[PDB]
Amino acid sequence: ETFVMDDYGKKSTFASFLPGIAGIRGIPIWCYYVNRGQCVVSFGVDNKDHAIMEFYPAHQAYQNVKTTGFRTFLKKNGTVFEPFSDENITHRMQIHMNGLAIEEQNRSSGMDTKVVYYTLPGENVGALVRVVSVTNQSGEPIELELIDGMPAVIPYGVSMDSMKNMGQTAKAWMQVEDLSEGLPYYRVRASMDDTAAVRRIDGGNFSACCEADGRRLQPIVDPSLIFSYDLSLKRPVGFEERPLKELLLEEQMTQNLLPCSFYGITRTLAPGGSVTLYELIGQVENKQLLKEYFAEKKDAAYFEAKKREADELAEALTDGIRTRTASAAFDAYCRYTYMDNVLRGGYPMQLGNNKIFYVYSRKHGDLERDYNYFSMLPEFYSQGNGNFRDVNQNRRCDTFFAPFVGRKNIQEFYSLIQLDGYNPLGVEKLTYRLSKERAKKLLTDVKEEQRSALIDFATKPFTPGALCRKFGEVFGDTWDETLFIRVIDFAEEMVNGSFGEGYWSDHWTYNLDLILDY
Amino acid sequence: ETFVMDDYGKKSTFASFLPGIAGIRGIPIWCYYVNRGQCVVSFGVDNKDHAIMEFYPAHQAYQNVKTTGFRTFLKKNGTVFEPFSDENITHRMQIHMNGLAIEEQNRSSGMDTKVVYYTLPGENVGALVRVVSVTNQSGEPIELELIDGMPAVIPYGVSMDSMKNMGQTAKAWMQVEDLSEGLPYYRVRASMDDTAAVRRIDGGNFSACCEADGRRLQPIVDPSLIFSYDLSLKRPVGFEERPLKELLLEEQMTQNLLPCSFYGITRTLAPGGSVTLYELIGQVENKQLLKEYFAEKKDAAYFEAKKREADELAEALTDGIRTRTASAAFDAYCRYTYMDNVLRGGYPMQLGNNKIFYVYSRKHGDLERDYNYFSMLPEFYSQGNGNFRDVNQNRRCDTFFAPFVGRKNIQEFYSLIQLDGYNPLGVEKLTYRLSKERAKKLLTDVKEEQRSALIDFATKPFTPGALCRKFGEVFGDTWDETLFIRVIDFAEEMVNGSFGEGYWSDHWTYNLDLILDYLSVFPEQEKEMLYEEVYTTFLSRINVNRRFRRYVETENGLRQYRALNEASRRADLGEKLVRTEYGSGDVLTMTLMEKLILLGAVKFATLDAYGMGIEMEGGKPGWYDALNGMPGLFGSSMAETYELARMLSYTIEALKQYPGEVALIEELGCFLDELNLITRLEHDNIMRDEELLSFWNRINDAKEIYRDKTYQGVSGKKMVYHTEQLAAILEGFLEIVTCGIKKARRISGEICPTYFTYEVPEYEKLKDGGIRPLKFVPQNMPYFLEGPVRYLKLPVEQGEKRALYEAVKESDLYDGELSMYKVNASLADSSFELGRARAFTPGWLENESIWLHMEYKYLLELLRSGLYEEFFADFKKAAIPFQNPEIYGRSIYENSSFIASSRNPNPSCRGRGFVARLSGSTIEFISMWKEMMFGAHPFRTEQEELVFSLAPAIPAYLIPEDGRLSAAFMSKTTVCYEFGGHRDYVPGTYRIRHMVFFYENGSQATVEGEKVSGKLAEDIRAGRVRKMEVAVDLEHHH
Ligand SMILES: OC[C@H]1O[C@@H](O[C@@H]2[C@@H](O)[C@H](O)O[C@H](CO)[C@H]2O)[C@H](O)[C@@H](O)[C@@H]1O
Ligand SMILES: OC[C@H]1O[C@@H](O[C@@H]2[C@@H](O)[C@H](O)O[C@H](CO)[C@H]2O)[C@H](O)[C@@H](O)[C@@H]1O
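- What the PDB record gives as the title of this entry is "Catalytically active GH161A phosphorylase refined in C1".

## Considering the side chain of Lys66 of chain B
So, point 1. By secondary structure assignment, the location of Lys66 of chain B is in helix α1 (residues 58-68).
So, point 2. Separated by 2.4 Å, the side chains of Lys66 of chain B and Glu87 of chain B make a polar contact.
So, point 3. When sequence neighbours within four positions are dropped, the list of residues in contact with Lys66 of chain B reads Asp230 and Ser232 of chain A together with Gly37, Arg71, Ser85 and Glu87 of chain B.

## Concerning the interface of chain B and chain A
Interfaces are often sized by the accessible area lost when the parts come together.
So, point 1. Contact with chain B, which involves 52 residues of that partner, is made by 48 residues of chain A.
So, point 2. Taken together, both faces of the contact between chain B and chain A bury some 4300 Å²; the carbon and sulfur share is 53%.
So, point 3. By the criterion of area lost to chain A, the three top residues of chain B are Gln63, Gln168 and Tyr229 of chain B, representing 14% of everything that side buries.
So, point 4. Where chain B meets chain A, there are 2 salt bridges.
So, point 5. Only α1, α2 (160-165) and α27 (836-839) of chain B provide two or more residues apiece to the side of chain B that touches chain A.
So, point 6. Counting residues per element, the side of chain B that touches chain A draws most heavily on α1 of chain B, at 7 residues.

## Here's the deal with the site of ligand 2
So, point 1. Every residue lining ligand 2 is accounted for by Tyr371 of chain A together with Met166, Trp173 and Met192 of chain B.
So, point 2. Chain contributions to the surroundings of ligand 2 come from chains A and B.
So, point 3. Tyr371 of chain A is positioned such that a nitrogen or oxygen atom in its side chain is 3.3 Å from an oxygen atom of ligand 2.
So, point 4. Burial of ligand 2 by the protein chains amounts to 38% of its free accessible area of 480 Å².
So, point 5. A class-by-class count of the residues in the shell around ligand 2 yields 4 nonpolar, no polar and no charged.

## Considerations on the site of ligand 1
So, point 1. Neighbouring residues of ligand 1: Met166, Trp173, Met192 and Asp194 of chain A together with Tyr371, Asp625, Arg836 and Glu846 of chain B.
So, point 2. One finds residues of chains A and B in close proximity to ligand 1.
So, point 3. Within the side chain of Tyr371 of chain B, one N or O atom sits 3.4 Å away from an oxygen atom of ligand 1.
So, point 4. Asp625 of chain B is positioned such that a nitrogen or oxygen atom in its side chain is 2.8 Å from an oxygen atom of ligand 1.
So, point 5. Here the residues of the shell around ligand 1 sort into 4 nonpolar, no polar and 4 charged.

## As for a negative patch on the surface
All names here are of chain A.
So, point 1. Together, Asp213, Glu296, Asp299 and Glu304 line one region of the surface with negative charge.
So, point 2. Relative to the elements of secondary structure, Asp213 occurs in the loop between β15 (204-210) and α3 (223-227).
So, point 3. Taking relative accessible area as the criterion, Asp213 reaches 47% and is therefore assigned partly exposed.

## Points about unusual backbone geometry
Both trends apply: most residues other than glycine have a negative phi, and most peptide bonds are in trans.
All names here are of chain B.
So, point 1. Positive phi outside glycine occurs at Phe84, with the angle close to 60 degrees.
So, point 2. By secondary structure assignment, the location of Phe84 is in the loop between β7 (79-81) and β8 (91-96).
So, point 3. A positive phi is found at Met970, a non-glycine position, where the angle reads about 55 degrees.
So, point 4. Tracing the backbone through its elements, the reader meets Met970 in the loop between β46 (964-969) and β47 (973-979).
So, point 5. For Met970, a relative accessible area of 5% corresponds to the buried category.

## Here we look at the packing of aromatic side chains
So, point 1. What the rule picks out here adds up to 87 aromatic pairs over all chains.
So, point 2. Judged by centre distance (5.3 Å) and plane angle (90 degrees), the rings of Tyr293 of chain B and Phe294 of chain B are edge-to-face. A single burial state applies to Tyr293 of chain B and to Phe294 of chain B, both of which are buried.
So, point 3. Put simply, the rings of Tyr338, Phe400, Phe401, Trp929, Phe934, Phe939, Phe948 and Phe969 of chain B pair up and form one aromatic cluster.
So, point 4. The positively charged end of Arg438 of chain A is found above the aromatic ring belonging to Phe490 of chain A, 4.4 Å away from the centroid.
So, point 5. Against the face of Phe490 of chain B rests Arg438 of chain B, its NZ or CZ located 4.2 Å from the ring centre.

## Looking at the packing of helix α21 (residues 666-680) of chain B against helix α23 (residues 693-711) of chain B
Two packed helices can be described by the angle between their axes and the distance between those axes.
Residue and element names in this part refer to chain B.
So, point 1. Where α21 contacts α23, the two axes come as close as 10 Å, and the packing angle between them is 175 degrees. By the criterion of interaxial angle, the relationship of α21 to α23 is roughly antiparallel. Across the interface between the two elements, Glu667, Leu668, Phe671, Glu674, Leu675 and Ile678 of α21 pack against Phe695, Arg698, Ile699, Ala702, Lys703, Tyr706, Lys709 and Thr710 of α23.
So, point 2. Its residues placed into classes, the contact of α21 with α23 shows 8 nonpolar, 1 polar and 5 charged.

About the cut-offs
- Residues numbered from 1 in each chain as written, not as in the entry; some residues may be left out.
- Chains lettered and ligands numbered in written order.
- Part of a larger assembly, values for the part shown.
- Heavy atoms only, no water.
- Residues with missing side-chain atoms left out of burial classes, pairs and counts.
- Helix = DSSP H or I, 4+ residues; strand = E, 2+ residues; numbered from the N terminus.
- Polar contact = N/O pair within 3.5 Å; in protein donor to acceptor, adjacent residues only side chain to side chain.
- Contact = heavy atoms within 4.5 Å.
- Buried area = accessible area lost by both parts, 1.4 Å probe.
- Salt bridge = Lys/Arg side-chain N within 4 Å of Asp/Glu carboxyl O.
- Near = heavy atom within 4 Å.
- Areas by Shrake-Rupley, 256 points an atom, 1.4 Å probe, with all protein chains shown as cover.
- Nonpolar A, V, L, I, M, F, W, Y, C, P; charged D, E, K, R; others polar.
- Patch = residues over 30% accessible without salt bridge, like charges linked within 9 Å, V, L, I, M, F, W, Y side chains within 5 Å.
- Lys, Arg positive; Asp, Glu negative; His and termini not counted.
- Charge placed at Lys NZ, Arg CZ, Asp CG, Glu CD.
- Buried < 20%, exposed > 50% of the residue type's maximum accessible area, 1.4 Å probe, protein only.
- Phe/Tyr/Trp six-rings, centres within 6.5 Å; stacked < 30°, edge-to-face > 60°.
- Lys NZ or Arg CZ within 6 Å of the ring centre and 35° of its normal.
- Axes fitted to C-alpha atoms, helices over the stretch in contact; angles between N-to-C directions.
- Parallel < 35°, antiparallel > 145°, perpendicular 65-115°, else oblique.

Structure (structure tokens):
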């Protein structure tokens, strides 16, 4: 069920990604990785323009993962080591359906390192979770100083082309705030457009690190403290010459720079001892949501429960094609294939009482498909839009695995055939609308100051995630499920379809397969 | 003349570039470098889309120079060393005007490294030359294996965005060929444009390396051999395990990869021995040209001769401003400043017999100005593009340094002014065209198979470099020069200009400086200049919306967002000149006086509601373009008002000086009559009121009617006016402007204001969808330095100027610690809708920083106003060549756009210069140097006779010990002063005894006194005087 690659640093290069599923009630993110360094190159929330770590094609990813990716520095008795930087030291890599874990065993220094990754499931904030642990495998106590983080965080509000074309000028807008509270906030203060209209920016990125007790640590957002004059980000010149305690008392610049995020601790480890850090990097729309999310302390139990939930999500998703044969590779390949088909096509679920909905769909751009502009809705009941051919092919066997679908696919895909035999290219994501009379009748039992907003929102096309967000905004953290179910049930489906590019001569040949399968 | 920086690896970072000039008969390239690694980050041929080494912004350059730049690996007895990789080993850096050299001295391994760079001059191929030498400084013989080159060469035909966005899929088109011959050729298999008409690329990049004997070496194009599995290009894993001889016998991949170029040798070095390599990287048009170029061997003598030629090229280019003073830094700074001004503005030259051409020009687009898209033609007589303001300012003093230019600049920059007072943004390359009749007449004595091609080429627009390339292609390696000269001579000049982005409100204010500078050399040509009818008019692409349709509503109030009328947008590439008969006749022509009247009439009708400033209704701010949101807040500027007052005064004086008849167009005549009727009315109202809403409405209605009339076409008929009526109308306009200036000064305070912002609380919605403002509420703005700079040009009393100087020096515009003048005061309390100036950290870019251009403008105005002591005191502290190189963190010979002030929160940035050279302060320093060395008006006309006299103003700290100061007059004549004693020589405090003239033929002449009139002035202006001796208070004494 798990694939293990030994000494992946010296092997041939390949690219992959996390599935990026956070559940029905969660915010998904996109993350890509390669088999070099610490195996994370870029991740964001919505698309390339909302990235937290800069997006690179496969060539630049391979070239820059060892410098612009996650970093870790260990100081043992005055000597600085960097795990996952020399390929001659034995390392390891484990790949799960919805996770990734790496580890290094340094027999010279006598310290072992382990890092795991997974997307945070079932929350109102989309973020990436990273856990770092160091174990003392020597025979004598050692004095340890640890530094971990990423050296380049893109502030919210900076587009990809502005970063890759005028990144020198764009540093004038970058800034970071709220260092004292332990929750740094990365954003620009205003629009970067060279027009007569100036707007206000409210969203931002954040980071938070803590030990098992749950108390947040003091961040470091000035890269010049660690690397000093070395702008190549190869040697930690500043960290070698000074203790971490002195660095934490240094004054940090929070403007005119590309900010980083490093956290540090000091500890003396007995033989066989260990220390662990928990990190959270994500993106939010306003500070109020971040404060509401962090209103309660997070500790080790929370993160381990989240990891278990993340594994169980994929397990339950792929439970539908379980099989047992004479080879385990075939059995694992079946589940992986089903998961990939679900990712590119969507998972049919029964929403309400008379609606059929598809979740987890998206545009499938990645590192090697660098010509695509992928997108993914950052909300509950996440979905996306795709091409005619791909969605038509991927939904061929939906009736067998879910009999409640019925003839919905046939009706949907035979209604896009024009009178001249051709069809539009794109299929839009499902959206719903509610009539005036039904909105008036349903919202009688709610306060007027909320009723007006609810009816105004509901009398326009919307998606289930937008409706959930509006309900959370209006009624607060707790709201009636029956009202949401009734609103979804009494709504009306909007017609989808976009022309886009042109007319191909083979799209009509995949429709008979739906009939034959039904 | 040479700047040396020791241990540049640990110092603060800075960016620079090679000038890139390759001579008249050469192919230029652009190259940038930083003070990290081996100090080259990117170079190409034409623009960012034809780079050989990938172009990066400064932040990415500082990070990727050590990995994607030039690399060198040395294996000594089995151990691999990489020079310029560790900052703890002593290294050095030398910077020349047209070169660069670095070296490292590793005392542990006992080997020294040295590499120099320069651009190949005077050849048919543009390339970068790199010479690497390694010396054995140990006491025992060693066995050396050397590998040198670059790890990533972009094949020709791959655009910048293709590499930035889809660099993985783009590798399918890449290939490298001709490895056996030793001349690799990098190009794509086919055009990456799916919709193209070629599907085949002839051009490509190349590389060639050889030792002193000249035999080319076998290249390595597969990066997987050197680095093996390490794709980070950090460890030469493959080279550490195998000998170079084994690597050279390996099989290399030439497809589906990003190729490199490495060359290697094996040698044993005796104690004190050394080995050298020569490399060439560049671009060629086709393989035939490359074979022709490499038909003859290239050895060390060829490269050293090319280096000498490259140095002499820059030396001769900058020889025109040579001077000697008490400090050598001043002279070096003068030469570097002149070179930078030439680079950004172009170098005038005499082409053929009746053509004036500008070469070496380009657009300032260096690593720190990453938003500019520069261009540079890779051909003979190379030239480039630029913006209106920058090129207009950089060509202010061309007439003084080159009298043969004449009135070309005035005609060129007054023909880009449209009928509505605005102008396009970009200026394009000059091009020529030839008629079929002249082409047939000239090409009678050539073969038909060549004649047809020649006439077909010449009947279309072309540049001289394209013509040279065509002649080389047709007639072969050698062709007649006289035919080329005749073809250039009989050709016709084509117009140029591109709209680009939009309309600013200050581009018209720099035209009067050209006239003022021209009249300082030919004072007797004023009447001929005024009534010369050669000037044309550019054809506008977009029109500005009427005021009622220019306003939109928002939750914050009323705004001004829809400045341009997008519905009436003409298509580009169409006719570029205004023609008579509503666009169907011949080209319309005007005199300079008509242009001045048009500028005076239109700008007067753009006053704000209070009649103080000039509204920026074009959608863009003035000179200070960081306030991009100001036009949305009904902004207006007083600098435009001051410039309008100065222009009106000059026009009135010119009209009164030469009485006669003036012909004006019908629409302009009607508009001027309406404006006169409006201004003679309400005269008692504007002198006795605060708000002038009715006057604003009247003038705006008249201006809108004129715009709507003239945008769609003009008949072409002319009205006749006498000078007295125009003089009276302009006098009325000037009186109104003066009253407005007085009101603004009363409202603002002790320092003259610069900007105003208006609030409109109540308005009216019209039936057509427009919005009619009903009242305006003015709002004050923070202090700006541009205000006093523009104000000091107006004619006012000396005491008022001194009081203004005293008020400014003790205000918030003066930085006490740095003893410099900031560009503006604090913007903290102002609205956030002004623009990106509010989002900038204080002390960075255009926010409370020491912007060098405005400071130099202020110093020049102080010098021109007659405040000599203050000018000397402030120039001693503010000038670049008098700074501390350690604090400045750069060569003191190079200018900077701005210097971070004391308000910057970073203590390590206060006093550093940024955004490299190629600033607008070069022309200001040139003007200051000229006025200090020769005076305001070297030539005057008295009793209808030319008169020449000198009046220098030199401070004490510039006179040498022996008291002999020399400078170049008009770049051809040397003037040698000799001062009696060491003191400040201010006009009126000294008298010139006599002058001695040395002619070019050996004759001499002596004139008593400081005044020369008659034929001698004509001779000295014509360049027939080789040297001058000037004595002030007799011989020097100690
Ligand atoms: O203030 C910095 C520089 O800004 C430049 O304008 C830039 C535009 O050309 C570009 O399109 O957008 C960026 C970001 O909005 C602008 O900064 C000016 O052209 C420069 O004069 C100015 O120094
Ligand atoms: O053949 C490779 C892939 O090409 C893709 O089309 C690309 C365009 O999206 C892009 O704009 O231009 C490049 C270069 O012309 C094209 O290759 C196809 O969409 C893919 O299906 C195909 O695998």
